[PDB]
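A.B. asks: What follows is the file upload.txt, containing compact mmCIF, C-alpha atoms:
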# COMPACT_ATOMS: atom_id res chain seq x y z
CA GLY A 1 -99.54 8.43 -31.46
CA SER A 2 -97.27 5.41 -31.75
CA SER A 3 -96.26 5.27 -35.41
CA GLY A 4 -93.35 7.17 -36.94
CA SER A 5 -89.57 7.21 -37.23
CA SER A 6 -86.95 9.95 -37.54
CA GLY A 7 -84.11 10.30 -40.03
CA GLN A 8 -83.44 12.78 -42.82
CA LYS A 9 -82.48 11.88 -46.39
CA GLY A 10 -81.71 13.37 -49.79
CA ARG A 11 -84.33 13.35 -52.54
CA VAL A 12 -85.96 10.83 -54.89
CA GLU A 13 -87.96 11.18 -58.10
CA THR A 14 -90.74 8.68 -57.44
CA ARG A 15 -94.43 9.27 -58.14
CA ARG A 16 -96.06 12.42 -56.74
CA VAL A 17 -97.88 12.51 -53.40
CA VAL A 18 -97.89 15.77 -51.44
CA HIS A 19 -99.10 15.13 -47.89
CA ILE A 20 -100.75 18.02 -46.04
CA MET A 21 -101.65 18.11 -42.35
CA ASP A 22 -102.53 20.63 -39.63
CA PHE A 23 -105.05 21.97 -42.14
CA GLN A 24 -108.64 22.81 -41.18
CA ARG A 25 -111.87 22.66 -43.18
CA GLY A 26 -114.90 24.84 -43.85
CA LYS A 27 -115.82 26.73 -47.02
CA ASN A 28 -114.04 25.60 -50.19
CA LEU A 29 -111.49 23.58 -48.22
CA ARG A 30 -110.63 21.11 -50.98
CA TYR A 31 -109.58 24.23 -52.88
CA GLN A 32 -107.52 25.69 -50.04
CA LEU A 33 -105.35 22.57 -50.16
CA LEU A 34 -105.38 22.08 -53.93
CA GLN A 35 -104.36 25.72 -54.25
CA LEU A 36 -101.04 24.74 -52.67
CA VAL A 37 -100.16 22.72 -55.77
CA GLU A 38 -102.51 24.13 -58.41
CA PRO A 39 -100.22 27.10 -59.14
CA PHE A 40 -97.32 24.65 -58.92
CA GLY A 41 -98.53 22.26 -61.60
CA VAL A 42 -101.46 20.12 -62.71
CA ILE A 43 -103.89 18.14 -60.55
CA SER A 44 -103.97 14.41 -61.30
CA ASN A 45 -105.86 13.12 -58.27
CA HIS A 46 -106.43 14.33 -54.71
CA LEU A 47 -107.74 12.68 -51.54
CA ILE A 48 -109.30 14.18 -48.41
CA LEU A 49 -110.23 11.85 -45.56
CA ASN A 50 -113.41 12.77 -43.68
CA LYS A 51 -111.96 11.57 -40.38
CA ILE A 52 -109.02 13.88 -39.67
CA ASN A 53 -107.01 16.76 -41.12
CA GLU A 54 -105.07 14.46 -43.44
CA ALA A 55 -105.09 15.03 -47.20
CA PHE A 56 -102.93 13.95 -50.14
CA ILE A 57 -102.62 15.47 -53.62
CA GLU A 58 -101.15 13.69 -56.64
CA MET A 59 -99.51 15.70 -59.41
CA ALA A 60 -99.03 14.72 -63.06
CA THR A 61 -95.27 15.18 -62.66
CA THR A 62 -93.10 14.69 -59.57
CA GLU A 63 -91.50 17.98 -60.61
CA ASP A 64 -94.69 19.77 -59.55
CA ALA A 65 -95.34 18.19 -56.16
CA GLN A 66 -91.66 18.50 -55.27
CA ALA A 67 -91.86 22.21 -56.05
CA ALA A 68 -94.97 22.70 -53.91
CA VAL A 69 -92.87 21.43 -51.01
CA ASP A 70 -89.92 23.76 -51.58
CA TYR A 71 -92.49 26.51 -51.03
CA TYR A 72 -93.28 25.30 -47.51
CA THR A 73 -89.62 25.25 -46.47
CA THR A 74 -88.94 28.74 -47.80
CA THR A 75 -92.40 30.25 -47.28
CA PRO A 76 -94.97 29.62 -44.51
CA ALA A 77 -98.05 27.82 -45.83
CA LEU A 78 -101.02 29.44 -44.07
CA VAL A 79 -104.26 27.57 -44.78
CA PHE A 80 -107.47 29.46 -44.04
CA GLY A 81 -105.24 31.85 -42.12
CA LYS A 82 -103.50 29.32 -39.90
CA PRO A 83 -100.19 27.47 -40.44
CA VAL A 84 -100.08 23.87 -41.67
CA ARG A 85 -97.70 21.08 -42.69
CA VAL A 86 -96.62 19.96 -46.16
CA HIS A 87 -94.51 16.97 -47.20
CA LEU A 88 -93.64 14.93 -50.29
CA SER A 89 -94.84 11.40 -49.55
CA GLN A 90 -95.08 8.53 -52.03
CA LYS A 91 -98.14 6.33 -51.50
CA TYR A 92 -101.45 5.44 -53.15
CA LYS A 93 -100.31 3.82 -56.40
CA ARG A 94 -103.36 5.24 -58.18
CA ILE A 95 -105.62 7.30 -55.92
CA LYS A 96 -108.10 7.03 -58.79
CA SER A 97 -108.41 5.02 -62.01
CA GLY A 98 -110.14 5.55 -65.34
CA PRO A 99 -113.56 4.25 -66.44
CA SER A 100 -111.71 1.75 -68.63
CA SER A 101 -112.49 -1.55 -66.91
CA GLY A 102 -115.32 -3.76 -68.14
Transcribe the structure of this file into structure tokens.

C.D. replies:
Amino acid sequence: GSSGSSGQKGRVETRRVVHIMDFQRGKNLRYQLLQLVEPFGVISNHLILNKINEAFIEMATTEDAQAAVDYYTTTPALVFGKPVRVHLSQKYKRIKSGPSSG
């Protein structure tokens, strides 16, 4: 579209938000995406927009999410059989909160 800038950079240990795109949906989709981090760590909170193929998964430890990414650079992440995109973003302070809030 008309939103995005180029420029590479090192690494940073801040929160955990693995962005996944180019992924399709169908039967047990939420799992197809969560399976990209599940075996990489624990699931804290995920998010799947019902508008486009944009989803974000939050891990309990940045160490996990970060790892899930190193798997996309070394190994091709084929979702549902087709290739996709995986990145290590850092948004959504708290995708979800606890019931503690009267």

A.B. asks: What is the atom CA of residue 54 of chain A-atom CA of residue 100 of chain A distance in Å, reported with one decimal?

C.D. replies: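 Result for atom CA of residue 54 of chain A versus atom CA of residue 100 of chain A: 29.0 Å, one decimal.
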
A.B. asks: Which value, in Å to one decimal, gives the distance between atom CA of residue 89 of chain A and atom CA of residue 76 of chain A?

C.D. replies: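 One can read the atom CA of residue 89 of chain A to atom CA of residue 76 of chain A distance as 18.9 Å.
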
A.B. asks: Please determine, counting all atoms listed in the file, which residue among A:45, A:66, A:101, A:24 has the shortest atom-to-atom distance to residue 87 of chain A.

C.D. replies: A:66

A.B. asks: Suppose you want the space between atom CA of residue 13 of chain A and atom CA of residue 29 of chain A; what is it in Å?

C.D. replies: 28.4 Å

A.B. asks: So that I can see what lies close to residue 14 of chain A, please list as a count of residues only the residues with an atom at most 10 Å from it, counting only C-alpha atoms and leaving out residues fewer than 5 positions away in the same chain.

C.D. replies: 7

A.B. asks: Using only C-alpha atoms, which residue out of A:9, A:51, A:16, A:82 lies closest to residue 32 of chain A?

C.D. replies: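 With only C-alpha atoms as the atom set, the closest residue is A:82.
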
A.B. asks: Residues near residue 22 of chain A, anyone? I mean within 9 Å using only C-alpha atoms, not counting same-chain ones fewer than 4 positions away, as a PDB file with C-alpha atoms, keeping the file's coordinate frame.

C.D. replies:
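What landed in around_9.pdb:
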ATOM      1  CA  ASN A  53    -107.010  16.760 -41.120  1.00  0.00           C
ATOM      2  CA  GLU A  54    -105.070  14.460 -43.440  1.00  0.00           C
ATOM      3  CA  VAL A  79    -104.260  27.570 -44.780  1.00  0.00           C
ATOM      4  CA  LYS A  82    -103.500  29.320 -39.900  1.00  0.00           C
ATOM      5  CA  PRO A  83    -100.190  27.470 -40.440  1.00  0.00           C
ATOM      6  CA  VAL A  84    -100.080  23.870 -41.670  1.00  0.00           C
ATOM      7  CA  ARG A  85     -97.700  21.080 -42.690  1.00  0.00           C
ATOM      8  CA  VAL A  86     -96.620  19.960 -46.160  1.00  0.00           C
TER       9      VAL A  86
END

A.B. asks: Find the residue from A:25, A:17, A:77, A:92 that sits nearest to residue 43 of chain A; use only C-alpha atoms when measuring.

C.D. replies: A:17

A.B. asks: Counting all atoms listed in the file, which residue out of A:74, A:44, A:35, A:8 sits closest to residue 20 of chain A?

C.D. replies: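 Of all the options, A:35 lies closest to residue 20 of chain A.
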
A.B. asks: Please return segment 74-93 of chain A, rebuilt to N, CA, C and O atoms, as a PDB file, in the frame of the given file.

C.D. replies:
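Written file, out.pdb:
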ATOM      1  N   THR A  74     -89.404  27.375 -47.615  1.00  0.00           N
ATOM      2  CA  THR A  74     -88.940  28.740 -47.800  1.00  0.00           C
ATOM      3  C   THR A  74     -90.019  29.746 -47.396  1.00  0.00           C
ATOM      4  O   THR A  74     -89.716  30.829 -46.893  1.00  0.00           O
ATOM      5  N   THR A  75     -91.277  29.379 -47.619  1.00  0.00           N
ATOM      6  CA  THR A  75     -92.400  30.250 -47.280  1.00  0.00           C
ATOM      7  C   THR A  75     -93.428  29.506 -46.432  1.00  0.00           C
ATOM      8  O   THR A  75     -93.747  28.342 -46.675  1.00  0.00           O
ATOM      9  N   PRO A  76     -93.963  30.195 -45.413  1.00  0.00           N
ATOM     10  CA  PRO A  76     -94.970  29.620 -44.510  1.00  0.00           C
ATOM     11  C   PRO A  76     -96.310  29.408 -45.200  1.00  0.00           C
ATOM     12  O   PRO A  76     -96.911  30.348 -45.717  1.00  0.00           O
ATOM     13  N   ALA A  77     -96.776  28.163 -45.203  1.00  0.00           N
ATOM     14  CA  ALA A  77     -98.050  27.820 -45.830  1.00  0.00           C
ATOM     15  C   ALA A  77     -99.205  28.007 -44.848  1.00  0.00           C
ATOM     16  O   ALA A  77     -99.471  27.138 -44.016  1.00  0.00           O
ATOM     17  N   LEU A  78     -99.888  29.142 -44.950  1.00  0.00           N
ATOM     18  CA  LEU A  78    -101.020  29.440 -44.070  1.00  0.00           C
ATOM     19  C   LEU A  78    -102.336  29.069 -44.742  1.00  0.00           C
ATOM     20  O   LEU A  78    -102.764  29.717 -45.698  1.00  0.00           O
ATOM     21  N   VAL A  79    -102.981  28.025 -44.230  1.00  0.00           N
ATOM     22  CA  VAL A  79    -104.260  27.570 -44.780  1.00  0.00           C
ATOM     23  C   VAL A  79    -105.426  28.146 -43.985  1.00  0.00           C
ATOM     24  O   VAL A  79    -105.528  27.949 -42.774  1.00  0.00           O
ATOM     25  N   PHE A  80    -106.308  28.857 -44.680  1.00  0.00           N
ATOM     26  CA  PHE A  80    -107.470  29.460 -44.040  1.00  0.00           C
ATOM     27  C   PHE A  80    -107.052  30.551 -43.061  1.00  0.00           C
ATOM     28  O   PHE A  80    -107.885  31.125 -42.359  1.00  0.00           O
ATOM     29  N   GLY A  81    -105.753  30.833 -43.020  1.00  0.00           N
ATOM     30  CA  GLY A  81    -105.240  31.850 -42.120  1.00  0.00           C
ATOM     31  C   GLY A  81    -104.293  31.289 -41.084  1.00  0.00           C
ATOM     32  O   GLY A  81    -103.511  32.025 -40.482  1.00  0.00           O
ATOM     33  N   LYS A  82    -104.359  29.979 -40.872  1.00  0.00           N
ATOM     34  CA  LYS A  82    -103.500  29.320 -39.900  1.00  0.00           C
ATOM     35  C   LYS A  82    -102.433  28.478 -40.599  1.00  0.00           C
ATOM     36  O   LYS A  82    -102.604  28.033 -41.733  1.00  0.00           O
ATOM     37  N   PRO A  83    -101.304  28.258 -39.908  1.00  0.00           N
ATOM     38  CA  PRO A  83    -100.190  27.470 -40.440  1.00  0.00           C
ATOM     39  C   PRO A  83    -100.527  25.988 -40.554  1.00  0.00           C
ATOM     40  O   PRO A  83    -101.381  25.479 -39.828  1.00  0.00           O
ATOM     41  N   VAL A  84     -99.852  25.299 -41.469  1.00  0.00           N
ATOM     42  CA  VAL A  84    -100.080  23.870 -41.670  1.00  0.00           C
ATOM     43  C   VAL A  84     -98.771  23.144 -41.956  1.00  0.00           C
ATOM     44  O   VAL A  84     -97.687  23.703 -41.786  1.00  0.00           O
ATOM     45  N   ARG A  85     -98.880  21.891 -42.387  1.00  0.00           N
ATOM     46  CA  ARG A  85     -97.700  21.080 -42.690  1.00  0.00           C
ATOM     47  C   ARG A  85     -97.794  20.503 -44.101  1.00  0.00           C
ATOM     48  O   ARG A  85     -98.862  20.078 -44.542  1.00  0.00           O
ATOM     49  N   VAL A  86     -96.665  20.489 -44.801  1.00  0.00           N
ATOM     50  CA  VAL A  86     -96.620  19.960 -46.160  1.00  0.00           C
ATOM     51  C   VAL A  86     -95.388  19.080 -46.363  1.00  0.00           C
ATOM     52  O   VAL A  86     -94.274  19.454 -45.995  1.00  0.00           O
ATOM     53  N   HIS A  87     -95.600  17.905 -46.948  1.00  0.00           N
ATOM     54  CA  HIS A  87     -94.510  16.970 -47.200  1.00  0.00           C
ATOM     55  C   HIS A  87     -94.662  16.317 -48.571  1.00  0.00           C
ATOM     56  O   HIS A  87     -95.697  16.454 -49.225  1.00  0.00           O
ATOM     57  N   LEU A  88     -93.623  15.608 -49.001  1.00  0.00           N
ATOM     58  CA  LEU A  88     -93.640  14.930 -50.290  1.00  0.00           C
ATOM     59  C   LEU A  88     -93.605  13.419 -50.120  1.00  0.00           C
ATOM     60  O   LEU A  88     -92.569  12.786 -50.320  1.00  0.00           O
ATOM     61  N   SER A  89     -94.745  12.845 -49.750  1.00  0.00           N
ATOM     62  CA  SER A  89     -94.840  11.400 -49.550  1.00  0.00           C
ATOM     63  C   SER A  89     -94.864  10.667 -50.882  1.00  0.00           C
ATOM     64  O   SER A  89     -94.720  11.278 -51.941  1.00  0.00           O
ATOM     65  N   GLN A  90     -95.041   9.350 -50.824  1.00  0.00           N
ATOM     66  CA  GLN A  90     -95.080   8.530 -52.030  1.00  0.00           C
ATOM     67  C   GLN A  90     -95.914   7.274 -51.804  1.00  0.00           C
ATOM     68  O   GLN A  90     -95.380   6.167 -51.720  1.00  0.00           O
ATOM     69  N   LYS A  91     -97.228   7.453 -51.711  1.00  0.00           N
ATOM     70  CA  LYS A  91     -98.140   6.330 -51.500  1.00  0.00           C
ATOM     71  C   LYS A  91     -99.335   6.421 -52.441  1.00  0.00           C
ATOM     72  O   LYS A  91     -99.424   7.331 -53.265  1.00  0.00           O
ATOM     73  N   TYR A  92    -100.255   5.471 -52.310  1.00  0.00           N
ATOM     74  CA  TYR A  92    -101.450   5.440 -53.150  1.00  0.00           C
ATOM     75  C   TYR A  92    -101.073   5.302 -54.621  1.00  0.00           C
ATOM     76  O   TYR A  92    -101.131   6.267 -55.384  1.00  0.00           O
ATOM     77  N   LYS A  93    -100.689   4.092 -55.016  1.00  0.00           N
ATOM     78  CA  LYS A  93    -100.310   3.820 -56.400  1.00  0.00           C
ATOM     79  C   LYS A  93    -101.137   4.661 -57.365  1.00  0.00           C
ATOM     80  O   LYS A  93    -100.593   5.441 -58.148  1.00  0.00           O
TER      81      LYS A  93
END
